[PDB]
Amino acid sequence: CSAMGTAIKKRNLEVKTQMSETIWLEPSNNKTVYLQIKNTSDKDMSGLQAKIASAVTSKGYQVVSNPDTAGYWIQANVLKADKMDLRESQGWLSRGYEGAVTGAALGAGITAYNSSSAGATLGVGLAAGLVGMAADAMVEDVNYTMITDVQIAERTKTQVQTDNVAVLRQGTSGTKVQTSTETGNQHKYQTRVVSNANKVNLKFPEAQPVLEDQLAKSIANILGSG
Amino acid sequence: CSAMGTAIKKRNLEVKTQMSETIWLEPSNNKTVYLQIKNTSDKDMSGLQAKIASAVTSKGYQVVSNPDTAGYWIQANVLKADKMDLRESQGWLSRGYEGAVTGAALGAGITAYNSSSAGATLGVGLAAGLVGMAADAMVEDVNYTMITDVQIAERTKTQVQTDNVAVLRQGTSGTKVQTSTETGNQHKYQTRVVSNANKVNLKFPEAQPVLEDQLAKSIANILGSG
Amino acid sequence: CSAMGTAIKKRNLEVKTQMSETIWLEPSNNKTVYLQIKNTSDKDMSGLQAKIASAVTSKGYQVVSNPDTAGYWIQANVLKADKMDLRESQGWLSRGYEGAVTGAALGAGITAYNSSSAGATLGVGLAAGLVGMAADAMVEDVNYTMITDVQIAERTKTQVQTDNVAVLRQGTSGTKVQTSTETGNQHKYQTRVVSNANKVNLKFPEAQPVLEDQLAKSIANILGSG
Amino acid sequence: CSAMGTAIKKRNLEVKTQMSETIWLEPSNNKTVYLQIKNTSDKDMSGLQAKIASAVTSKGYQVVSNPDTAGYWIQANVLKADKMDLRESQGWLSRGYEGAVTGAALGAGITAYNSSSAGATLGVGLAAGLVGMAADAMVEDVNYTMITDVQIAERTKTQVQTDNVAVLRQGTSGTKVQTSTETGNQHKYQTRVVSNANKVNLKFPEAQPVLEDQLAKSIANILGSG
Amino acid sequence: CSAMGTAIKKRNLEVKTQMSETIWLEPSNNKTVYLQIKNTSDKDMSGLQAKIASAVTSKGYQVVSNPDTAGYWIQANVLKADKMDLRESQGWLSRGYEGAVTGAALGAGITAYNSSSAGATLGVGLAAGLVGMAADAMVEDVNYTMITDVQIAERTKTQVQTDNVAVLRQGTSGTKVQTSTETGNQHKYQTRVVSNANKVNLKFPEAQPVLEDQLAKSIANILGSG
Amino acid sequence: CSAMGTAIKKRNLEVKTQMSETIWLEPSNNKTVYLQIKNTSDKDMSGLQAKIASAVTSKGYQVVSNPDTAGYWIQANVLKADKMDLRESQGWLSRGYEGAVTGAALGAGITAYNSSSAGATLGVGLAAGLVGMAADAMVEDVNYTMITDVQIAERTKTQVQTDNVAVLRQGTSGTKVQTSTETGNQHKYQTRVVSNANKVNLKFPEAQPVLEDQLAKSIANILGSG
Amino acid sequence: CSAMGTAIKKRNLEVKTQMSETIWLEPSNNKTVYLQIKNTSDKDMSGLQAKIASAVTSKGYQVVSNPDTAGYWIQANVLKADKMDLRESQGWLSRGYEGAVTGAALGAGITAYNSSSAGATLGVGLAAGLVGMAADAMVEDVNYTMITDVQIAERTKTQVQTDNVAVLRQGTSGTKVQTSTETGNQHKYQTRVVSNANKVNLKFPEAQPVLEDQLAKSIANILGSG
Amino acid sequence: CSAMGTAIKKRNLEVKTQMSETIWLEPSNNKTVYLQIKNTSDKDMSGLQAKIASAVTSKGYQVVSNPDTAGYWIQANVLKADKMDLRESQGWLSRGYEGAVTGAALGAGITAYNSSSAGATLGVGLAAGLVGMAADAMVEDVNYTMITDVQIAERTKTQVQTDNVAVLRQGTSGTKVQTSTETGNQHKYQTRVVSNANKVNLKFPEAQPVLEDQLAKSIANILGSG
Amino acid sequence: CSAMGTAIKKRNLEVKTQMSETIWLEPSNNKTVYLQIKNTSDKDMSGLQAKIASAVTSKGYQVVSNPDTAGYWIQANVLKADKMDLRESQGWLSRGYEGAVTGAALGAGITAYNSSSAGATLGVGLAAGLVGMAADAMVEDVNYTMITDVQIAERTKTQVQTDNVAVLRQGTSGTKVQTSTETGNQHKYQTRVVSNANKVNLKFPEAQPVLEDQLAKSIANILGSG
């Protein structure tokens with residue numbers, strides 16, 4: 001059974017968290033960190049801010065509420081979240097066909113037993129095939145993919161020139177190009193973290209705590225155990 | 001049955017809302033937001049503007065009606081909406097063929113019963129096959145895809161130069177290139193939100209409230225819980 | 001039956017209207033709109049101008065007949081219209097083959113009845129197969145695709161320079177390049193609206209009113225509920 | 001029968017006329033139009049100029065014979081015309097094979113009747129198969145595709161510089177590049193109109209009147225109902 | 001029979017003539033035309049010059065023999081001509097296989113008749129199969145494709161600079177680049193005309209008159225009915 | 001039989017001659033032509049010079065032996081000649097397989113005749129199959145493809161600058177770039193002529209006269225009937 | 001059995017560690033190394049820092065805690081870690097199908113033994129097939145792929161100019177370009193190390209010690225046995 | 001038999017010689033030619049230089065041994081020579097399989113004759129199959145391809161500047177770029193000649209004389225019959 | 001047998017030696033050559049240097065040991081050598097499968113002989129199949145491909161500027177670009193020679209003498225028979 005094979009394979013929650021690329025930070029004596037965590041996804045990660053703060057404080061850093069007097073900024077946005085069924089990557093044999101067959105066959109388990117009436121065996125076989133198809137189709141091999149954008153700002157003594165260049169699309173024909181220049185002492189680096197939570201019939205509120213834990217640990221480990 | 005498998009799989013409304021990319025906003029003391037929400041799609045989202053206003057006010061911001069004295073602009077356009085049937089991605093076994101066969105076979109359930117007249121059984125089998133094909137073809141696995149364009153304007157102290165460059169197509173041969181330059185204190189950033197509402201025999205007015213709720217929450221969360 | 005499945009699936013008129021991209025307009029106090037609606041398609045949309053005017057007036061704008069003293073221009077052209085049959089995307093099984101077979105088989109419904117004469121049954125079976133093929137081939141699953149070009153002109157205080165650049169093809173060898181420069185206070189943005197009207201045996205005059213209604217609502221909603 | 005299915009499907013003349021791109025014209029008080037219509041195709045469209053003149057005059061414009069004092073020029077060229085059979089897109093089953101089989105089988109309709117002589121039945125079956133193949137092959141599902149080039153010249157007050165640049169090919173090795181510059185007050189825009197006339201066994205003189213009517217209406221509607 | 005299907009389908013001569021692109025000519029009072037028609041093809045079009053002259057004179061123009069005092073030049077070259085059999089696009093079933101089988105079978109039409117001697121029937125069947133293969137292979141579905149290059153020179157008042165740039169290949173390694181500059185009052189535009197003559201067992205001398213007629217009409221119509 | 005089909009199809013010599021592109025020559029009063037014909041191919045075309053001279057003289061030109069005082073140069077090089085079997089484009093069924101089978105079967109034409117001895121029939125069948133394979137493989141469907149390079153030099157009054165640029169390859173690593181500049185009054189244009197001679201078991205000396213005739217006529221017709 | 005084949009093939013832990021490219025270091029007398037090891041992966045490598053320190057000290061270098069007075073910097077980041085099952089590269093035959101069949105067949109090992117009751121044999125066969133499918137699906141051929149980024153900084157006497165160029169993405173439309181310039185005496189080179197740990201039913205904590213050992217040896221060997 | 005078909009097809013030596021591109025030489029009064037013929041191929045062409053000298057002298061030129069006072073240089077290098085079997089383009093049926101089968105079958109030609117002993121017939125059949133496979137595999141359809149580089153130097157009065165540019169590869173990382181400039185009165189042109197010698201079981205010393213003859217004739221004909 | 005077919009086909013050593021491109025050398029009076037032959041391949045060519053010296057001396061040149069006073073340099077490096085089996089290009093039928101079958105069948109040659117005991121025949125058949133598979137797999141159709149780099153330096157009177165440009169890769173991130181300029185009177189040209197030695201069960205020491213002979217002859221023939 002494909003459904004039972006999936007239910008056996010992915011029987012326990014499996015969470016993966018992969019940073020896209022490395023952000024290199026010079027050794028520094030800064031201890032203050034300012035956190036700005038946002039969530040533009042349909043899923044709920046409300047404890048991610050507190051978990052990032054706790055992980056950062058575990059490394060000796062101090063979380064401050066004043067962005068101007070903070071050596072580091074951790075700007076994170078839980079940008080996206082998608083849910084997919086991996087079984088559908090197999091096309092057919094995933095809509096309950098084999099689940100209906102296994103159960104249409106089991107309906108013949110009444111012919112060799114008490115009642116072998118043709119109408120009765122047909123009815124029981126049909127009901128068993130329907131129940132088998134329902135059980136096969138109700139096995140959801142769900143994978144939640146989350147995409148988080150991270151932007152670390154480190155305060156330096158070097159004058160950094162920011163050149164904002166926005167190309168705003170304007171109706172299939174034009175663009176409005178906005179350009180501006182600012183000067184400040186802050187190097188900003190970006191990165192992306194991709195999280196995955198896989199399980200059979202997985203409901204997101206079960207995967208949310210571990211997802212937040214791993215994401216917070218990764219984002220805090222960007223700073224390293226200073 | 002493929003139709004019944006679909007009706008079981010997608011039996012409850014499933015709404016997804018995914019922002020395209022992250023708009024980074026500096027920590028600010030601005031509290032005023034001006035909303036400009038438009039809808040150039042055939043579907044109806046009349047409550048989206050009010051839901052965005054409520055979500056923004058929940059974060060401590062204040063929605064104002066004067067665009068000139070607003071620290072933030074949320075300009076949103078529900079640009080597009082499409083409806084498709086996902087079953088049609090399977091080609092055949094989606095036009096009622098298998099639903100006709102399941103029912104043409106069930107018409108033989110009269111031969112082994114009261115009347116086994118050849119004309120009667122043929123007629124009942126044909127009617128049952130027609131009804132099965134109709135029921136299979138009437139199972140619509142509908143997916144509504146919505147595209148919303150968001151444009152956030154943040155008022156700054158930096159002089160921003162906007163260079164409008166429109167390349168208007170002119171009859172398969174030419175272009176009229178319009179260029180202009182303006183100066184103002186407003187950085188404009190764009191982004192795109194893709195919404196999906198999936199269900200069996202889904203009617204849009206059922207999916208509209210949750211679609212608006214999720215879209216409003218995402219667009220407001222762009223500003224973050226300031 | 002493929003024909004019957006199509007007639008069941010697309011039994012009621014389905015109209016879609018999708019704008020290509022968003023035209024962003026700054027908040028403004030302009031209330032005057034000038035409409036220029038043209039139709040270079042073989043289909044007839046004569047009521048589109050009045051419907052656009054009514055939809056625009058519903059938003060508080062005022063439609064004027066003087067292009068020079070109009071804050072906004074709505075220039076629309078119903079550029080193209082095509083009609084196709086979607087069943088032909090399936091290649092064969094859509095020219096009446098299966099509709100002929102279903103009916104050639106039904107011609108055997110005379111052998112088991114009053115007259116089983118070989119000539120008579122052959123003739124009735126042939127006539128029934130011909131009628132079945134005709135009925136299958138007469139089921140038209142028609143989709144009208146309409147392309148409209150929209151050009152919104154908004155009057156500004158910024159000097160706008162228009163550089164007309166036309167590359168006129170000249171006989172497989174040359175081009176005449178026409179260049180000119182104009183100055184005026186009007187930003188012109190473009191966009192495209194794609195309409196679809198789908199039904200079984202759909203005749204365009206039935207789809208035209210709703211097509212115009214949706215197109216007018218979309219084009220007027222470009223301006224937003226000002 | 002594929003031939004019969006085609007004869008049923010495309011039983012009445014179907015004419016389509018699609019402009020390639022939109023030519024945008026500013027609102028103007030010009031009322032004079034000069035028409036220059038040419039036909040470098042093997043087909044005959046002699047009434048096209050008169051139909052364009054009538055359609056233009058219906059919009060309030062006035063057709064003049066002096067190109068120098070005309071606000072608008074409508075320069076049209078019926079460049080190309082091709083005729084194809086769409087059945088040949090199916091490869092085989094379109095050269096009379098199935099039409100021969102349907103008729104070779106019908107030749108057996110003499111064995112069960114008056115004369116069942118082996119020579120006689122063979123001869124009648126062969127003749128019937130030949131006639132069936134001839135009738136199937138004589139069913140022409142013809143599509144006429146016509147390509148028209150349109151060049152609208154609008155007289156302006158802006159000085160327009162035309163830079164003629166012709167790259168004349170010279171024997172697989174060279175090019176003669178002719179360049180010249182002229183100055184005049186006329187913006188020239190181009191566009192293309194594609195016409196299709198589809199029917200079974202369609203003869204062009206039947207499709208020519210409606211083809212001209214639709215083409216003239218489209219080209220005149222370029223000017224819009226001024 | 002594929003051969004019979006071809007002989008029925010393309011039973012009468014079909015001539016097509018398609019100009020590549022449009023050459024736009026300004027309205028002019030010139031009436032003199034100078035013709036220079038050449039033929040570097042293996043086929044013969046000797047009457048093309050006279051037919052072009054007649055068609056041009058029918059439009060009111062006057063054909064002159066002095067190139068210097070001619071308002072228009074019509075320079076045409078019948079560059080290429082190819083002959084192909086379209087049946088060979090089907091690969092096999094076009095070399096006489098099926099024509100041999102149809103006739104090998106007909107050789108059995110002697111067993112059921114006067115002499116059924118094994119040697120006699122084998123010999124007659126072999127001869128009939130050979131004759132059938134010969135007749136099938138002797139059915140030529142011929143298509144003549146002709147390519148003509150046209151170069152129209154129109155005398156203007158604008159000074160036209162011709163920059164001859166020839167890149168003469170020199171033995172797999174080098175090029176001799178010849179460059180020169182001339183000045184004259186003549187705009188030269190090019191174009192290409194593709195002619196097709198299709199028929200079963202078509203001999204070119206039958207297709208030549210109509211081919212010349214259509215080509216001359218097209219090239220003359222480049223000038224338009226001035 | 002594939003061999004018989006080929007021998008019937010291509011039973012008479014078929015010669016094609018196609019110029020690559022058109023060389024445009026201005027109307028001129030020059031009457032002197034200088035011919036330089038070379039042949040770097042393995043085939044023999046010794047009469048091509050005389051045939052070109054005769055064709056040129058037929059047009060009123062005069063062939064001269066002094067290159068300096070010749071208005072026109074016809075420089076031709078019969079660069080390449082290849083011979084191929086077209087039957088081998090079919091892969092198998094062209095090495096004698098079917099020719100062996102047709103003849104292995106004909107060896108059974110001795111069993112039903114005078115001697116039906118197993119050894120005798122086996123020997124005769126083997127010999128007949130060998131002879132059939134030999135006859136099939138000895139059917140050569142030969143196509144000679146010839147490539148000629150033509151270079152026409154026309155004497156003008158315009159100063160022509162020739163920039164010789166040769167990039168001589170030097171051992172997989174280097175190039176010696178030779179550059180030089182000359183000035184002379186002669187425009188040189190190139191072109192290519194592709195000839196084909198097709199027949200069954202064609203020997204080149206049979207195709208050479210007509211090949212030369214067609215090539216000479218084409219190259220001379222480059223000049224046109226002046 | 002595919003599961004048995006996997007369990008036999010990959011029965012013992014196999015660890016691979018491959019550096020991407022070579023970092024060339026000049027011969028030097030520096031003996032001080034500063035280590036900065038971070039881990040932004042979900043896996044745990046806490047002993048990697050100590051192992052790198054031990055391996056470096058084995059080569060004669062001295063690990064220091066002051067980054068400013070260190071001749072060498074070893075900056076390493078265990079960026080990513082993924083876990084996959086290689087059996088799934090075979091598609092089917094890996095979800096327990098063949099493991100179910102091997103065991104459904106073994107359930108017939110009760111018919112030829114003590115109890116051959118149809119119900120009993122069916123039940124035992126079903127249970128054995130379920131157990132076989134479970135055992136097949138419980139065989140995990142796991143491969144852990146770890147990606148580490150290494151950045152070696154070597155202190156020189158040459159002035160090194162660092163030009164920070166960050167292109168921060170801003171919402172699908174814009175980029176903020178940050179540019180800065182610093183000067184210092186430190187050449188920084190990068191590289192990447194890819195580690196793999198393969199085994200059947202491998203749990204990461206078993207592979208972690210050897211993974212750390214190999215990674216530390218490789219990163220330390222970058223410095224060479226100085 | 002494929003082997004016998006090949007031995008029949010390519011039974012006599014077939015030599016082809018094709019120049020790559022044309023080297024155009026101006027008409028000249030030079031009569032002195034200097035030959036430099038080299039052979040860096042494994043094959044032997046020792047008589048090529050003498051054959052080129054004889055062919056050149058046949059055209060009226062005079063071969064000289066002083067390169068400085070020679071109007072023309074013919075520099076030729078027989079660069080490459082490869083030998084291949086064309087039968088191997090058919091994959092199998094070319095290693096002796098079918099030749100083994102034809103002979104394994106012929107071993108049954110002893111059962112119906114004097115000795116039908118099972119051991120004897122098996123042994124004779126095996127020996128015959130081995131001999132047939134050996135004979136089939138010993139049929140070599142060999143094609144020798146030769147590549148010759150030709151460099152013609154023509155002495156002129158124009159100053160020719162040679163810019164030697166050699167990019168010498170240096171160990172997967174670098175290049176040494178050598179550049180030099182010389183001035184001399186000699187235009188050098190290149191070209192390539194491809195020779196083919198095809199036959200069954202062809203040994204090169206048989207094809208060498210004709211190969212040299214054709215190559216010499218082509219290279220000498222570059223100069224033309226001056 | 002595939003193995004026997006290979007052993008028959010490639011029964012004698014076949015050596016090919018192909019130079020990549022031609023190095024053109026001007027006629028010169030230099031007679032001194034300096035040889036620098038290196039071998040960075042795993043194979044042994046120790047006699048190549050002496051063979052090159054002998055071949056060069058055979059042409060009249062004199063081999064010198066002083067690089068500074070040598071008109072020519074022959075710098076050669078036997079860069080690479082690979083050994084492959086061509087039979088593996090056929091995938092299966094080359095690992096002994098067919099060789100096992102031919103021999104498993106021959107094991108049945110004991111049933112029809114003295115002992116037909118089932119155990120005895122099974123054992124003898126298994127042993128014969130094993131021996132056949134071993135003999136098939138022990139037939140090695142080996143091809144040695146050798147790559148030699150040649151660099152000819154010719155001393156000139158022209159000043160040659162060498163621009164060394166080395167781009168040394170530095171750890172997946174950087175490059176050290178080394179540039180230098182030298183001046184000397186020596187043109188250096190490169191080329192590549194590819195050698196192949198093919199035979200069944202070929203051992204390199206048997207192919208080495210002929211490989212060296214051919215390579216030396218080719219490299220010496222670069223200089224030509226001066």
# chains A, B, ... in the order shown; residues from 1 in each chain; ligands from 1
call {"tool": "select_by_dssp", "arguments": {"residues": "chain B", "states": "helix (DSSP H, G or I)", "output": "PyMOL selection string"}}
result
chain B and resi 2-9+48-58+87-90+97-104+106-110+118-137+204-221
call {"tool": "residues_around", "arguments": {"residues": "residue 177 (chain A)", "least_positions_apart": "2", "cutoff": "6 Å", "atoms": "only C-alpha atoms", "output": "ChimeraX atom specification"}}
result
/A:166-167 /B:162-163
call {"tool": "interface_residues", "arguments": {"of": "chain I", "to": "chain G", "cutoff": "7 Å", "atoms": "only C-alpha atoms", "output": "JSON, numbers by chain"}}
result
{"I": [170, 171, 172, 173, 174]}
call {"tool": "residues_around", "arguments": {"residues": "region 61-67 of chain H", "least_positions_apart": "3", "cutoff": "7 Å", "atoms": "only C-alpha atoms", "output": "ChimeraX atom specification"}}
result
/H:31-34,53,56-57,70
call {"tool": "write_last_selection", "arguments": {"atoms": "N, CA, C and O atoms", "output": "JSON list (two decimals), in the first residue's frame"}}
result
[["chain", "number", "residue", "atom", "x", "y", "z"],
["H", 31, "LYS", "N", 54.92, 33.88, -63.66],
["H", 31, "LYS", "CA", 55.06, 32.52, -64.14],
["H", 31, "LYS", "C", 55.87, 31.64, -63.21],
["H", 31, "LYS", "O", 55.95, 30.43, -63.45],
["H", 32, "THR", "N", 56.45, 32.19, -62.15],
["H", 32, "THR", "CA", 57.32, 31.43, -61.26],
["H", 32, "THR", "C", 56.53, 31.01, -60.03],
["H", 32, "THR", "O", 55.82, 31.81, -59.43],
["H", 33, "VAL", "N", 56.67, 29.74, -59.66],
["H", 33, "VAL", "CA", 55.99, 29.16, -58.50],
["H", 33, "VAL", "C", 57.03, 28.46, -57.65],
["H", 33, "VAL", "O", 57.90, 27.76, -58.17],
["H", 34, "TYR", "N", 56.94, 28.65, -56.34],
["H", 34, "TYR", "CA", 57.79, 27.96, -55.38],
["H", 34, "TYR", "C", 56.93, 27.02, -54.55],
["H", 34, "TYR", "O", 55.94, 27.45, -53.95],
["H", 53, "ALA", "N", 54.19, 19.81, -58.97],
["H", 53, "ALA", "CA", 55.10, 20.50, -59.88],
["H", 53, "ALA", "C", 54.74, 20.22, -61.33],
["H", 53, "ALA", "O", 54.72, 21.13, -62.16],
["H", 56, "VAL", "N", 51.45, 22.04, -62.25],
["H", 56, "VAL", "CA", 51.69, 23.47, -62.38],
["H", 56, "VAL", "C", 52.43, 23.78, -63.67],
["H", 56, "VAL", "O", 52.08, 24.73, -64.38],
["H", 57, "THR", "N", 53.45, 22.99, -64.00],
["H", 57, "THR", "CA", 54.17, 23.22, -65.25],
["H", 57, "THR", "C", 53.29, 22.99, -66.46],
["H", 57, "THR", "O", 53.50, 23.62, -67.50],
["H", 70, "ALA", "N", 60.00, 34.29, -56.41],
["H", 70, "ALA", "CA", 58.89, 33.52, -56.94],
["H", 70, "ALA", "C", 57.61, 34.34, -56.82],
["H", 70, "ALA", "O", 57.28, 34.83, -55.74]]
call {"tool": "residues_around", "arguments": {"residues": "residue 12 (chain C)", "least_positions_apart": "2", "cutoff": "8 Å", "atoms": "only C-alpha atoms", "output": "PyMOL selection string"}}
result
chain C and resi 10+14+199-200
call {"tool": "select_by_dssp", "arguments": {"residues": "region 93-198 of chain D", "states": "strand (DSSP E or B)", "output": "JSON, numbers by chain"}}
result
{"D": [141, 142, 143, 144, 145, 146, 147, 148, 149, 150, 151, 152, 153, 154, 160, 161, 162, 163, 164, 165, 166, 167, 168, 169, 170, 174, 175, 176, 177, 178, 179, 180, 181, 182, 183, 184, 187, 188, 189, 190, 191, 192, 193, 194, 195, 196, 197, 198]}
call {"tool": "residues_around", "arguments": {"residues": "residue 131 (chain C)", "least_positions_apart": "5", "cutoff": "9 Å", "atoms": "only C-alpha atoms", "output": "JSON, numbers by chain"}}
result
{"C": [99, 100, 103, 126, 136]}
call {"tool": "residues_around", "arguments": {"residues": "residue 226 (chain B)", "least_positions_apart": "3", "cutoff": "9 Å", "atoms": "only C-alpha atoms", "output": "list in words"}}
result
residues 27, 28, 29, 31, 59, 60, 61 and 223 of chain B
call {"tool": "atom_distance", "arguments": {"atom1": "CA of residue 128 (chain A)", "atom2": "CA of residue 120 (chain B)"}}
result
29.0 Å
call {"tool": "residues_around", "arguments": {"residues": "region 204-218 of chain I", "least_positions_apart": "6", "cutoff": "7 Å", "atoms": "only C-alpha atoms", "output": "MDAnalysis selection string"}}
result
(chainID H and resid 40:42) or (chainID I and resid 15 17 45 47:48 51:52 55 197)
call {"tool": "write_last_selection", "arguments": {"atoms": "C-alpha atoms", "output": "PDB file, in the first residue's frame"}}
result
ATOM      1  CA  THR H  40      52.712  15.558 -40.896  1.00  0.00           C
ATOM      2  CA  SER H  41      50.387  12.568 -41.319  1.00  0.00           C
ATOM      3  CA  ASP H  42      51.048   8.901 -40.658  1.00  0.00           C
TER       4      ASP H  42
ATOM      5  CA  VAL I  15      48.376   2.989 -34.669  1.00  0.00           C
ATOM      6  CA  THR I  17      48.843   9.755 -35.268  1.00  0.00           C
ATOM      7  CA  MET I  45      58.274   6.966 -24.117  1.00  0.00           C
ATOM      8  CA  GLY I  47      63.076   6.619 -27.036  1.00  0.00           C
ATOM      9  CA  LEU I  48      60.981   9.474 -28.398  1.00  0.00           C
ATOM     10  CA  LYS I  51      63.811   9.126 -32.574  1.00  0.00           C
ATOM     11  CA  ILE I  52      62.938  12.798 -33.059  1.00  0.00           C
ATOM     12  CA  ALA I  55      64.281  11.947 -37.954  1.00  0.00           C
ATOM     13  CA  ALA I 197      46.992   2.400 -30.431  1.00  0.00           C
TER      14      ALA I 197
END
call {"tool": "atom_distance", "arguments": {"atom1": "CA of residue 92 (chain D)", "atom2": "CA of residue 11 (chain D)"}}
result
22.1 Å
call {"tool": "atom_distance", "arguments": {"atom1": "CA of residue 135 (chain H)", "atom2": "CA of residue 96 (chain H)"}}
result
7.8 Å
call {"tool": "decode", "arguments": {"residues": "region 67-78 of chain H", "atoms": "C-alpha atoms", "output": "compact mmCIF listing (two decimals), in the first residue's frame"}}
result
# COMPACT_ATOMS: atom_id res chain seq x y z
CA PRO H 67 61.41 31.44 -52.59
CA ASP H 68 62.47 35.09 -52.73
CA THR H 69 62.10 35.54 -56.50
CA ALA H 70 58.89 33.52 -56.94
CA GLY H 71 55.67 35.25 -57.91
CA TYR H 72 53.60 32.50 -56.30
CA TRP H 73 54.12 30.21 -53.33
CA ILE H 74 52.21 26.97 -52.99
CA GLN H 75 52.62 25.91 -49.37
CA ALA H 76 50.81 22.65 -48.67
CA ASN H 77 50.72 20.42 -45.61
CA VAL H 78 49.09 17.01 -45.61
